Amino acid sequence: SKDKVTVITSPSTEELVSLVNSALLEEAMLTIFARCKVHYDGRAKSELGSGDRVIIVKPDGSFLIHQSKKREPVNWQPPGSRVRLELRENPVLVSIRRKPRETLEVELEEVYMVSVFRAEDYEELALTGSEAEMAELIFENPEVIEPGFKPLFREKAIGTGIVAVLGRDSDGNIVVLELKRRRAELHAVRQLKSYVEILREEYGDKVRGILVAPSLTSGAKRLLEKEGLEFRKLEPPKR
């Protein structure tokens, strides 16, 4: 029980309970391969008929059921649920949460494998090419937006909404930027347009919105043009 991994194929009920319960109390990762039915009631409600899936219960409460396809678990519960194995006509893995109140029930018809992974990880993801990274590049070197641009505020509350960057231009105007790290879609324009209508109300018609992004969709460009907003092409930088 200090070995990183413990594994049992075609486990007996005793062995199942032993590992399942040990991992939950040991703050370790539980992985299971089983034919199962799944029952979810919570924010929404779902039923999943009998079939083979991979099941993961992380020490933080995260509960995953993965089918042989997609990138998303077919069913899940997010970090913070309380999980318990429950012996019934079949074993039943049960995830409970109270805000919001949600129940996830996994019923194990046949467990092919149960396993305990006592995983030691002190390390964190270091990612670049984000919106945050664009915002940094614009404050270090405002030249990328345009000559004379002076950035002032990052993630600024206005009365309704939060603007990514608020600044001033060489004509002394108020400028709003909305940044997108990938091709900007319609809703980016709605955001930007919303912010700009709001500030025009205090500061006048001279306020400029600019959408900053590596490209636009057609609809983006269309609404951006209909509304008299602007576009500066900027790629998110990779450190």
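Numbers for residues come from their place in the sequence shown, where the first is 1.
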Determine, for stretches 73-81 and 103-111, which one has the higher mean CA B-factor as deposited. 103-111
What stretch has the higher average Cα B-factor here, 31-39 or 204-212? 204-212
Deposited CA B-factor, highest of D171, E47, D52, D60: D171
At the C-alpha atoms, which of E89, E86, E133, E120 reaches the highest B-factor in this entry? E133
Based on the entry's values, in what third of the chain does the Cα temperature factor of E26 lie: lowest, middle or highest? highest
When the deposited Cα B-factors of this chain's modelled residues are ordered and cut into thirds, is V189 in the lowest, the middle or the highest one? lowest
So, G161's CA B-factor, relative to its chain, sits in which third? The highest
Taking the entry's C-alpha B-factors for this chain, is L177 in the lowest, middle or highest third? highest
Ranking every modelled residue in this chain by its Cα temperature factor as given in the entry, which third contains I138? middle
